[PDB]
Amino acid sequence: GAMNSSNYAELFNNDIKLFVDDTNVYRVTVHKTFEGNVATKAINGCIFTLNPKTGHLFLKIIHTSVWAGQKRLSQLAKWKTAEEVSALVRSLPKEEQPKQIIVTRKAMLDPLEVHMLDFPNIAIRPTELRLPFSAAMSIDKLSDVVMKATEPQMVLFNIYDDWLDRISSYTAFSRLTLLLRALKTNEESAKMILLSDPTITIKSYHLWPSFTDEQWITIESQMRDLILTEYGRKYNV
Amino acid sequence: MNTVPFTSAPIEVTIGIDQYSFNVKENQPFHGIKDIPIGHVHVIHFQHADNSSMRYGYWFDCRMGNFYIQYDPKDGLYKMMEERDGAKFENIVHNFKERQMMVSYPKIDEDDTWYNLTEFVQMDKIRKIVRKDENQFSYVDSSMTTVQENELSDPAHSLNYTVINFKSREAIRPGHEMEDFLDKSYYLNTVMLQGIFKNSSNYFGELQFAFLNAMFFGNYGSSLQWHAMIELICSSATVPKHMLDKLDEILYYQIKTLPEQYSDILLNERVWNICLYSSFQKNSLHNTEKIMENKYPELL
Ligand SMILES: NNC(=O)CSc1ccccc1F
Ligand SMILES: NNC(=O)CSc1ccccc1F
């Protein structure tokens, strides 16, 4: 059934699972036409498919050419997402295929179930969690590869960098979700927090800065403040 | 005009014959039903006074044999049987008819209701859904489950309706996933009509039979089948014009006949709102939409 606070540790057991987030698949800018009407212009998007135990992110880049001449693009985007996730599973060796796929939005359930009919033993599940994976396009290296794409492309990222050398996958996921919630709540503040000290760098093969354990505690504290801060600025508390 | 004679009525029971029903008191002078119209299937059905649990009954066609009802005190129900001795059966009915112990099938001349509800229903197809080959008539009751219900437990006592499942490999062509799920024409026209049913008459017959078992016996699996067969048509962008026109007539008479006070349990809000207001055929069911809106505007 649905994934929520009560069954949260299941994410870090040894049953292979993937989160699929489709938020950033179909991305548009809305603008005025010469005639004064409104039109959309698509920009490149991405499917965010994440193994929460290992940090493995399969970032399938959705190039704007896939929308050409198509109608009802918001609906098509869900089916394209399901087609690509199905293709990914089929590409994996049997022992690497997931036992469950958790979709972050319920409208993905029927498209994915239909595309996965050949895999009746893979459970397709929703979640009650409000996960901040939309903010993945605020990670600079991910945003850059999506926008530079000239064709459909799968790019591979470890979203936890080397954190699992020192922390558990529960703690890594909690750090990731805190960072992404902060980036989603106040991108500028969040990025200022992460990059304010020029001596902590981002390794070429990493997404996030090379903080010591002590520095991560401070960072995480600052991200929690921010999410409280903006929560007062928003609600006037 | 044919006759379903009764050896007796030892327990108090409400008897239905098609869309009609009457009460028979314990040991009251009852010997059966006469003047039954030839040319249609019929259903004779029963609800005991002391246990409204279990409505049950028999589908039959008097052209296929001489049928009678006798109460079995061991199994506790009214059973249909076939008398092979034509001479004895005709002779016994005549004596009961002379004693005015048989009630008259009470059909109004103007009234095509039963025809309209059974237009495509044939005994031969009923007997393939309800398997008991040694009898020419078919027993159904409120509790009998369907083959699809048994895939999600006694096979010999099941309703073998055609399984329809919108999220199945049968329904979805590889590489046409979105297309086939959002527009079920392939599944309706190629898989079901051309492939399984062979023609729309057999499809409508099963749809009508499912409705009648839902209405007369409160059979939940039959209600599921009826709605699935409606939804499969309404969710197809490409349906022959004659099938849509016939479906509108079929459903009109089903909604007209449905007892008002059973609508809450026999009508699925989602299917009907989807079929009449969202689906490809939302504008193709004028008669059905008008009777639904005037009789069950709450459901919508
Ligand atoms: N840079 N990554 C690898 O060379 C392989 S490990 C891996 C595999 C699948 C998705 C993400 C991953 F990081
Ligand atoms: N063992 N069964 C019979 O002796 C009854 S056969 C029958 C024939 C015609 C009219 C009504 C009937 F009940």
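Respectively, the protein sequence lines represent chains E and C. Sequential numbering of the first sequence, starting at 1, is according to the working numbering. Sequential numbering of the second sequence, starting at 1001, is according to the working numbering. Virtual Cβ for every residue (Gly too), placed ideally from N, Cα, C.
Cutoff 8 Å; reference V38 of chain E; Cβ partners in own chain excluding five residues on either side = Closer than 8 Å at Cβ, skipping near neighbours: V30, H31 and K32.
Does the beta-carbon distance from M1064 of chain C to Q1136 of chain C come in below 7 Å?
-> yes
Helix, strand or coil for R90 of chain E, going by three-state DSSP, please let me know.
-> Reduced to three states, the DSSP call for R90 of chain E is helix.
Could you list which residues in chain E have their beta carbon closer than 8 Å to that of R1169 of chain C, in chain order?
-> By Cβ distance, chain E contributes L117 and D118.
Under 8 Å between beta-carbons, which chain C residues line up against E113 of chain E? List them in chain order, please.
-> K1167
Going by the beta-carbon positions, is the gap between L207 of chain E and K141 of chain E smaller than 7 Å?
-> yes
Would a C-beta distance cut-off of 7 Å place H1048 of chain C and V1103 of chain C closer than the cut-off?
-> Not closer than 7 Å, so no.
Given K60 of chain E, which residues of its chain have a CB within under 6 Å of its CB, disregarding the five upstream and five downstream residues?
-> Cβ neighbours of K60 of chain E beyond the five flanking positions: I47, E84 and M154.
Against chain E: residues of the region 1184–1217 of chain C by CB proximity under 7 Å = none
Considering only residues of the same chain and omitting the five flanking positions on each side of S1279 of chain C, which have a CB-CB separation below 6 Å?
-> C1234 and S1235
Meets three-Cβ-pair contact criterion under 8 Å: the region 1202–1211 of chain C and the region 1120–1131 of chain C = Short answer: they touch.
Output, in sequence order along the chain, the residues in the region 69–99 of chain E whose CB is closer than 9 Å to any CB in chain C.
-> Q75, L76, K78, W79, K80, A82, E83 and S86
Looking at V146 of chain E and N44 of chain E, is the spacing between their C-beta atoms short of 7 Å?
-> Taking 7 Å as the Cβ cut-off, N44 of chain E and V146 of chain E qualify as a contacting pair.
Quick one: Cα of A42 of chain E to Cα of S65 of chain E, how far?
-> Going by the C-alpha atoms only, they are around 9 Å apart.
Hey, does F1181 of chain C have any beta-carbon neighbour from chain E nearer than 7 Å?
-> Chain E places a beta carbon closer than 7 Å to that of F1181 of chain C, counting this residue as a contact.
Is DSSP giving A82 of chain E helix, strand or coil here?
-> helix
Check whether the Cβ of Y1161 of chain C sits closer than 6 Å to any heavy atom of ligand 2, and report yes or no.
-> no
Skipping 5 residues on each side, what residues in its chain have a beta carbon closer than 6 Å to that of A9 of chain E?
-> Around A9 of chain E: no qualifying Cβ.
What are the start and end residues of each continuous beta strand (DSSP E) run of 3 or more residues lying completely inside the region 4–48 of chain E, in chain order?
-> List check, beta strand (DSSP E) in window: 17–21, 27–32 and 38–43.
Inter-residue CB distance, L112 of chain E and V103 of chain E (contact presumed, cutoff 8 Å) = About 6 Å separates the Cβ atoms of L112 of chain E and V103 of chain E, confirming a contact at the 8 Å cut-off.
In terms of alpha-carbon separation, which member of C:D1245, C:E1170 and C:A1009 lies closest to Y1071 of chain C?
-> C:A1009
State the beta-bridge partners of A1228 of chain C as determined by DSSP.
-> The partner list for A1228 of chain C (beta bridge, DSSP) is empty, contrary to what the question assumes.
Every unbroken beta strand (DSSP E) inside the region 1095–1163 of chain C [3 residues or more] = 1138–1141
Neighbour-count burial assignment, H1094 of chain C, 16 or more Cβ in a 10 Å radius = exposed
Is DSSP giving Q215 of chain E helix, strand or coil here?
-> helix
Complete beta strand (DSSP E) runs within the region 1010–1048 of chain C (minimum length 3 residues, chain order) = 1013–1017, 1020–1024, 1032–1036 and 1042–1048
Is any beta-carbon of chain E found at less than 7 Å from that of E1177 of chain C?
-> Between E1177 of chain C and chain E, the shortest Cβ-Cβ separation is below 7 Å.
Mind listing the chain E neighbours of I1172 of chain C? Cutoff is C-beta to C-beta under 8 Å, in chain order.
-> The answer, in chain order, is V114 and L117.
Is any heavy atom of ligand 1 found at a distance shorter than 6 Å from the C-beta of residue 274 of chain E?
-> This structure does not reach residue 274 of chain E, given that chain E is present from 1 up to 237, and the question cannot be answered.
Looking only at its own chain, which residues have a Cβ that is under 7 Å from the Cβ of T1113 of chain C, when we skip the five neighbours before and after it?
-> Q1019, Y1253 and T1257
Could you tell me if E35 of chain E is buried or exposed, where buried requires 16 or more neighbouring beta carbons within 10 angstroms of its beta carbon?
-> exposed
Beta carbon of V1271 of chain C, beta carbon of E1231 of chain C: below 7 Å?
-> Less than 7 Å separates the beta-carbon of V1271 of chain C from that of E1231 of chain C.
Given 8 Å as the limit, is there contact between the region 154–163 of chain E and the region 48–57 of chain E, that is, 3 or more CB pairs closer than that?
-> yes
Beta bridge counterpart(s) of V103 of chain E as assigned by DSSP | E:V20
Exposed or buried, which one is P1005 of chain C when buried takes at least 16 other CB atoms within 10 Å?
-> buried
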